[PDB]
Each structure stands twice: as structure tokens, then as C-alpha cells.
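Student: entry-v2.cif is reproduced in full below (mmCIF, N, CA and C atoms and all ligand atoms).
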data_start
#
loop_
_atom_site.label_atom_id
_atom_site.label_comp_id
_atom_site.auth_asym_id
_atom_site.auth_seq_id
_atom_site.Cartn_x
_atom_site.Cartn_y
_atom_site.Cartn_z
N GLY A 822 -18.52 35.57 -27.42
CA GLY A 822 -19.80 36.18 -27.76
C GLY A 822 -19.63 37.67 -27.99
N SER A 823 -20.74 38.38 -28.16
CA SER A 823 -20.65 39.83 -28.36
C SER A 823 -20.30 40.51 -27.03
N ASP A 824 -19.92 41.78 -27.14
CA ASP A 824 -19.65 42.61 -25.96
C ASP A 824 -20.89 43.27 -25.40
N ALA A 825 -22.09 42.84 -25.78
CA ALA A 825 -23.27 43.61 -25.38
C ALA A 825 -23.50 43.59 -23.87
N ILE A 826 -23.25 42.47 -23.20
CA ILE A 826 -23.40 42.43 -21.74
C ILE A 826 -22.34 43.29 -21.08
N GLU A 827 -21.09 43.17 -21.54
CA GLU A 827 -20.00 43.96 -20.96
C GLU A 827 -20.26 45.44 -21.13
N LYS A 828 -20.82 45.84 -22.26
CA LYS A 828 -21.14 47.24 -22.48
C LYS A 828 -22.24 47.71 -21.54
N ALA A 829 -23.28 46.89 -21.35
CA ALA A 829 -24.34 47.27 -20.41
C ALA A 829 -23.78 47.44 -19.01
N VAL A 830 -22.85 46.56 -18.61
CA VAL A 830 -22.24 46.70 -17.29
C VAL A 830 -21.47 48.00 -17.20
N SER A 831 -20.75 48.35 -18.27
CA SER A 831 -19.98 49.59 -18.29
C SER A 831 -20.87 50.82 -18.21
N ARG A 832 -22.11 50.73 -18.66
CA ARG A 832 -23.03 51.86 -18.53
C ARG A 832 -23.56 52.02 -17.11
N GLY A 833 -23.24 51.09 -16.22
CA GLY A 833 -23.68 51.18 -14.85
C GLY A 833 -25.08 50.73 -14.59
N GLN A 834 -25.72 50.09 -15.55
CA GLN A 834 -27.13 49.75 -15.41
C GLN A 834 -27.26 48.32 -14.88
N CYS A 835 -28.46 48.00 -14.41
CA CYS A 835 -28.75 46.63 -14.00
C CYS A 835 -29.02 45.74 -15.21
N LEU A 836 -28.44 44.55 -15.19
CA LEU A 836 -28.59 43.66 -16.34
C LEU A 836 -30.00 43.14 -16.53
N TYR A 837 -30.87 43.27 -15.55
CA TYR A 837 -32.25 42.84 -15.75
C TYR A 837 -32.93 43.64 -16.85
N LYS A 838 -32.47 44.86 -17.10
CA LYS A 838 -33.09 45.73 -18.11
C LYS A 838 -32.87 45.20 -19.51
N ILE A 839 -31.96 44.26 -19.69
CA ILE A 839 -31.81 43.61 -20.99
C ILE A 839 -32.07 42.11 -20.95
N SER A 840 -32.17 41.49 -19.77
CA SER A 840 -32.40 40.05 -19.71
C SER A 840 -33.84 39.69 -19.39
N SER A 841 -34.55 40.53 -18.65
CA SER A 841 -35.82 40.14 -18.04
C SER A 841 -35.56 38.85 -17.29
N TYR A 842 -36.61 38.05 -17.07
CA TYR A 842 -36.52 36.79 -16.36
C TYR A 842 -36.56 35.60 -17.31
N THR A 843 -36.46 35.85 -18.62
CA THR A 843 -36.59 34.82 -19.64
C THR A 843 -35.28 34.51 -20.34
N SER A 844 -34.20 35.19 -19.99
CA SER A 844 -32.89 34.88 -20.53
C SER A 844 -31.88 34.94 -19.40
N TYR A 845 -30.75 34.30 -19.62
CA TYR A 845 -29.71 34.14 -18.60
C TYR A 845 -28.38 34.59 -19.18
N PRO A 846 -28.18 35.90 -19.33
CA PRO A 846 -26.88 36.38 -19.81
C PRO A 846 -25.73 35.99 -18.89
N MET A 847 -24.54 35.94 -19.46
CA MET A 847 -23.35 35.52 -18.74
C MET A 847 -22.58 36.74 -18.25
N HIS A 848 -22.33 36.81 -16.95
CA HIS A 848 -21.45 37.83 -16.38
C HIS A 848 -21.13 37.42 -14.94
N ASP A 849 -20.45 38.30 -14.20
CA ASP A 849 -20.15 38.02 -12.81
C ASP A 849 -21.42 38.16 -11.99
N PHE A 850 -21.72 37.21 -11.12
CA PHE A 850 -22.82 37.46 -10.20
C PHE A 850 -22.42 37.19 -8.77
N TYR A 851 -23.13 37.89 -7.91
CA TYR A 851 -22.87 37.98 -6.50
C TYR A 851 -24.12 37.55 -5.74
N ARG A 852 -23.93 37.35 -4.46
CA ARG A 852 -24.99 36.95 -3.56
C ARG A 852 -25.00 37.93 -2.40
N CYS A 853 -26.19 38.32 -1.96
CA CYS A 853 -26.32 39.16 -0.78
C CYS A 853 -27.01 38.35 0.30
N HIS A 854 -26.29 38.13 1.41
CA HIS A 854 -26.82 37.40 2.55
C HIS A 854 -27.67 38.27 3.45
N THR A 855 -27.49 39.58 3.38
CA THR A 855 -28.30 40.49 4.17
C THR A 855 -29.74 40.53 3.68
N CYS A 856 -29.93 40.43 2.36
CA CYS A 856 -31.23 40.59 1.72
C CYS A 856 -31.86 39.25 1.37
N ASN A 857 -31.47 38.18 2.07
CA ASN A 857 -31.82 36.81 1.70
C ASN A 857 -33.26 36.50 2.09
N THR A 858 -34.16 36.92 1.22
CA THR A 858 -35.52 36.42 1.22
C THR A 858 -35.65 35.23 0.29
N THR A 859 -35.04 35.35 -0.89
CA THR A 859 -34.71 34.22 -1.75
C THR A 859 -33.36 33.68 -1.32
N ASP A 860 -33.26 32.35 -1.19
CA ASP A 860 -32.09 31.77 -0.55
C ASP A 860 -30.83 31.95 -1.40
N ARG A 861 -30.81 31.40 -2.61
CA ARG A 861 -29.63 31.54 -3.49
C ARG A 861 -29.85 32.62 -4.54
N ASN A 862 -29.82 33.88 -4.10
CA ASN A 862 -30.02 34.96 -5.05
C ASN A 862 -28.77 35.13 -5.92
N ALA A 863 -28.99 35.72 -7.10
CA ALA A 863 -27.92 36.09 -8.02
C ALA A 863 -28.11 37.55 -8.38
N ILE A 864 -27.07 38.35 -8.14
CA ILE A 864 -27.14 39.81 -8.27
C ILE A 864 -26.02 40.30 -9.18
N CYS A 865 -26.34 41.24 -10.07
CA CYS A 865 -25.36 41.74 -11.01
C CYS A 865 -24.38 42.69 -10.32
N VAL A 866 -23.25 42.96 -10.99
CA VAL A 866 -22.17 43.69 -10.31
C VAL A 866 -22.58 45.12 -9.99
N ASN A 867 -23.37 45.76 -10.86
CA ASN A 867 -23.75 47.15 -10.57
C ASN A 867 -24.71 47.22 -9.41
N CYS A 868 -25.63 46.25 -9.30
CA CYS A 868 -26.52 46.20 -8.14
C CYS A 868 -25.75 45.89 -6.87
N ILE A 869 -24.78 44.99 -6.92
CA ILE A 869 -24.10 44.64 -5.67
C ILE A 869 -23.33 45.83 -5.12
N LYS A 870 -22.80 46.68 -6.01
CA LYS A 870 -22.02 47.86 -5.63
C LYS A 870 -22.89 49.00 -5.15
N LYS A 871 -24.12 49.10 -5.65
CA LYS A 871 -24.96 50.25 -5.35
C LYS A 871 -26.15 49.87 -4.47
N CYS A 872 -27.00 48.96 -4.94
CA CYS A 872 -28.16 48.53 -4.17
C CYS A 872 -27.78 47.78 -2.91
N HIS A 873 -26.59 47.20 -2.85
CA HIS A 873 -26.18 46.41 -1.70
C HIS A 873 -24.89 46.92 -1.10
N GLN A 874 -24.61 48.21 -1.29
CA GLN A 874 -23.48 48.85 -0.63
C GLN A 874 -23.54 48.67 0.87
N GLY A 875 -22.48 48.11 1.42
CA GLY A 875 -22.41 47.90 2.85
C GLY A 875 -23.13 46.66 3.33
N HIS A 876 -23.77 45.91 2.44
CA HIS A 876 -24.38 44.66 2.83
C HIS A 876 -23.34 43.56 2.90
N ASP A 877 -23.77 42.40 3.43
CA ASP A 877 -22.95 41.19 3.51
C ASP A 877 -23.02 40.43 2.18
N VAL A 878 -22.03 40.67 1.32
CA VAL A 878 -22.08 40.20 -0.05
C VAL A 878 -20.86 39.35 -0.38
N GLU A 879 -21.02 38.51 -1.40
CA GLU A 879 -20.00 37.58 -1.83
C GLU A 879 -20.07 37.48 -3.34
N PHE A 880 -18.91 37.43 -3.99
CA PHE A 880 -18.84 37.00 -5.38
C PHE A 880 -19.06 35.50 -5.48
N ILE A 881 -19.90 35.05 -6.43
CA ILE A 881 -20.14 33.62 -6.57
C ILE A 881 -19.36 33.06 -7.76
N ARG A 882 -19.69 33.47 -8.99
CA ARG A 882 -18.95 33.02 -10.18
C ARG A 882 -19.36 33.85 -11.39
N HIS A 883 -18.61 33.65 -12.48
CA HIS A 883 -18.95 34.18 -13.79
C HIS A 883 -19.75 33.11 -14.51
N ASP A 884 -21.05 33.33 -14.71
CA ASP A 884 -21.91 32.32 -15.31
C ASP A 884 -23.22 32.98 -15.72
N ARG A 885 -24.15 32.18 -16.22
CA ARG A 885 -25.42 32.70 -16.68
C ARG A 885 -26.37 32.92 -15.52
N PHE A 886 -27.08 34.05 -15.57
CA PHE A 886 -28.01 34.40 -14.50
C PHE A 886 -28.92 35.50 -15.03
N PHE A 887 -30.00 35.77 -14.29
CA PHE A 887 -30.67 37.06 -14.37
C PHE A 887 -30.73 37.65 -12.97
N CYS A 888 -30.64 38.97 -12.91
CA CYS A 888 -30.41 39.68 -11.65
C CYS A 888 -31.68 39.71 -10.80
N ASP A 889 -31.64 39.06 -9.63
CA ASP A 889 -32.79 39.05 -8.73
C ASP A 889 -33.07 40.41 -8.10
N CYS A 890 -32.06 41.27 -7.98
CA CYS A 890 -32.29 42.62 -7.47
C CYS A 890 -33.19 43.40 -8.42
N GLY A 891 -32.81 43.44 -9.70
CA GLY A 891 -33.62 44.14 -10.69
C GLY A 891 -34.97 43.49 -10.91
N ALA A 892 -35.05 42.18 -10.73
CA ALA A 892 -36.33 41.49 -10.89
C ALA A 892 -37.31 41.86 -9.79
N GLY A 893 -36.85 42.48 -8.72
CA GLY A 893 -37.75 42.90 -7.67
C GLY A 893 -38.08 41.85 -6.65
N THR A 894 -37.26 40.81 -6.51
CA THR A 894 -37.59 39.69 -5.64
C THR A 894 -36.84 39.70 -4.31
N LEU A 895 -36.01 40.70 -4.04
CA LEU A 895 -35.26 40.78 -2.80
C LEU A 895 -35.97 41.68 -1.78
N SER A 896 -35.49 41.61 -0.54
CA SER A 896 -36.12 42.34 0.55
C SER A 896 -36.18 43.83 0.26
N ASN A 897 -35.28 44.35 -0.57
CA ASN A 897 -35.14 45.78 -0.75
C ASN A 897 -35.32 46.15 -2.21
N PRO A 898 -35.81 47.35 -2.51
CA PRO A 898 -36.03 47.72 -3.91
C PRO A 898 -34.74 48.07 -4.63
N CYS A 899 -34.72 47.80 -5.93
CA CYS A 899 -33.54 48.09 -6.74
C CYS A 899 -33.40 49.60 -6.93
N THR A 900 -32.22 50.13 -6.65
CA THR A 900 -31.96 51.54 -6.86
C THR A 900 -31.52 51.88 -8.27
N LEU A 901 -31.41 50.88 -9.15
CA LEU A 901 -31.08 51.10 -10.54
C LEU A 901 -32.28 50.93 -11.47
N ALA A 902 -33.48 50.76 -10.92
CA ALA A 902 -34.65 50.46 -11.73
C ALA A 902 -35.68 51.59 -11.75
N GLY A 903 -35.31 52.80 -11.30
CA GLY A 903 -36.18 53.93 -11.51
C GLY A 903 -36.20 55.05 -10.48
N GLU A 904 -35.72 54.82 -9.27
CA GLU A 904 -35.63 55.91 -8.29
C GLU A 904 -35.08 57.19 -8.93
ZN ZN B 1001 -28.96 44.07 -11.18
ZN ZN B 1002 -28.44 43.28 0.14
ZN ZN B 1003 -30.47 46.58 -7.94
#
What is this structure when it is put down as C-alpha cells?

Tutor:
Amino acid sequence: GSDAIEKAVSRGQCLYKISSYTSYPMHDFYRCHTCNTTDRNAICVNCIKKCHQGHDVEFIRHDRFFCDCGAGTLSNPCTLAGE
């Protein structure tokens, strides 16, 4: 496919800013067990490194997802969405 997702990741931004909740772009996604209000959350790599620094996190797989951190559905607010 195109490099558009990889480029967005390289810019350091959250992938929700290009996926919203209506598309499922393909990239690496992670899970945060510390912020588990939603049970099987999927979090983009920039959010896991910044919004979940020091949290209990795991890489899950490279597959289609939209970022639950940027969507605003986790216990904590996304630090890549406007602070
Ligand atoms: Zn994100
Ligand atoms: Zn977390
Ligand atoms: Zn985030």
C-alpha cells in the first residue's frame, strides 16, 4: 500500500487524526493494561510511547485498528490530541 500511515507515524502524531473511528489503517498496535477501561484496547505506537510512558503495555500485532487513545475512550486523555 502507500506509505501514508508510515509517514504519519514518522511525524509523531496519533493515527486517529487520519483514521477517525470509521477506518482501520494497518500499523503496529499495542495494549495498555494500566488504562484498561475498555478491555481489548488498541493503541498506536506514538501514543504508547508518550501517552502511556511508564504504563503496563504490550505489543499485540501489526494489523488494522483505530487508536483508542486518540479516540478518547481510555481512562486517561490523549497527550497527542491537543494539550
Ligand atoms: Zn494514538
Ligand atoms: Zn496507559
Ligand atoms: Zn494518545

Student: Quick one: residues within 9 Å of residue 862 in chain A, only C-alpha atoms counted, chain neighbours fewer than 5 positions away excluded, as a PyMOL selection string?

Tutor: chain A and resi 851-854+856-857+888-890+894-895

Student: Produce a file of the selected residues containing N, CA and C atoms, as an mmCIF file, in the frame of the given file.

Tutor:
data_model
loop_
_atom_site.group_PDB
_atom_site.id
_atom_site.type_symbol
_atom_site.label_atom_id
_atom_site.label_comp_id
_atom_site.auth_asym_id
_atom_site.auth_seq_id
_atom_site.Cartn_x
_atom_site.Cartn_y
_atom_site.Cartn_z
ATOM 1 N N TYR A 851 -23.130 37.890 -7.910
ATOM 2 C CA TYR A 851 -22.870 37.980 -6.500
ATOM 3 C C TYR A 851 -24.120 37.550 -5.740
ATOM 4 N N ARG A 852 -23.930 37.350 -4.460
ATOM 5 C CA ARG A 852 -24.990 36.950 -3.560
ATOM 6 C C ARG A 852 -25.000 37.930 -2.400
ATOM 7 N N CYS A 853 -26.190 38.320 -1.960
ATOM 8 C CA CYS A 853 -26.320 39.160 -0.780
ATOM 9 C C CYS A 853 -27.010 38.350 0.300
ATOM 10 N N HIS A 854 -26.290 38.130 1.410
ATOM 11 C CA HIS A 854 -26.820 37.400 2.550
ATOM 12 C C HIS A 854 -27.670 38.270 3.450
ATOM 13 N N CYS A 856 -29.930 40.430 2.360
ATOM 14 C CA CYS A 856 -31.230 40.590 1.720
ATOM 15 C C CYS A 856 -31.860 39.250 1.370
ATOM 16 N N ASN A 857 -31.470 38.180 2.070
ATOM 17 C CA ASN A 857 -31.820 36.810 1.700
ATOM 18 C C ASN A 857 -33.260 36.500 2.090
ATOM 19 N N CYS A 888 -30.640 38.970 -12.910
ATOM 20 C CA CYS A 888 -30.410 39.680 -11.650
ATOM 21 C C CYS A 888 -31.680 39.710 -10.800
ATOM 22 N N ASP A 889 -31.640 39.060 -9.630
ATOM 23 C CA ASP A 889 -32.790 39.050 -8.730
ATOM 24 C C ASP A 889 -33.070 40.410 -8.100
ATOM 25 N N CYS A 890 -32.060 41.270 -7.980
ATOM 26 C CA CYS A 890 -32.290 42.620 -7.470
ATOM 27 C C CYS A 890 -33.190 43.400 -8.420
ATOM 28 N N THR A 894 -37.260 40.810 -6.510
ATOM 29 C CA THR A 894 -37.590 39.690 -5.640
ATOM 30 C C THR A 894 -36.840 39.700 -4.310
ATOM 31 N N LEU A 895 -36.010 40.700 -4.040
ATOM 32 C CA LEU A 895 -35.260 40.780 -2.800
ATOM 33 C C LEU A 895 -35.970 41.680 -1.780
#

Student: Using all atoms listed in the file, what are the residues with an atom within 6.5 Å of ligand ZN 1001 (chain B), set out as a list in words?

Tutor: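 The distance check yields residues 834, 835, 836, 837, 864, 865, 866, 867, 868, 869, 888, 889, 890, 891 and 892 of chain A.
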
Student: Could you check which of A:840, A:900, A:859, A:823 is closest to ligand ZN 1003 (chain B), using all atoms listed in the file?

Tutor: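 When distances to ligand ZN 1003 (chain B) are compared using all atoms listed in the file, the smallest one comes from A:900.
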
Student: From a DSSP pass on the backbone, collect the residues of chain A flagged as helix (DSSP H, G or I) and hand them back as a PyMOL selection string.

Tutor: chain A and resi 825-831+837-840+866-871+889-892

Student: At what distance in Å, to one decimal, does atom N of residue 899 in chain A lie from atom N of residue 824 in chain A?

Tutor: 26.6 Å

Student: So, with only C-alpha atoms as the atoms that count, which of A:878, A:901, A:863, A:843 lies closest to residue 830 in chain A?

Tutor: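 The answer is A:901, which sits nearest to residue 830 in chain A.
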
Student: Can you measure CA of residue 828 in chain A to CA of residue 876 in chain A for me? One decimal in Å is fine.

Tutor: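 According to the coordinates, CA of residue 828 in chain A and CA of residue 876 in chain A are separated by 25.6 Å.
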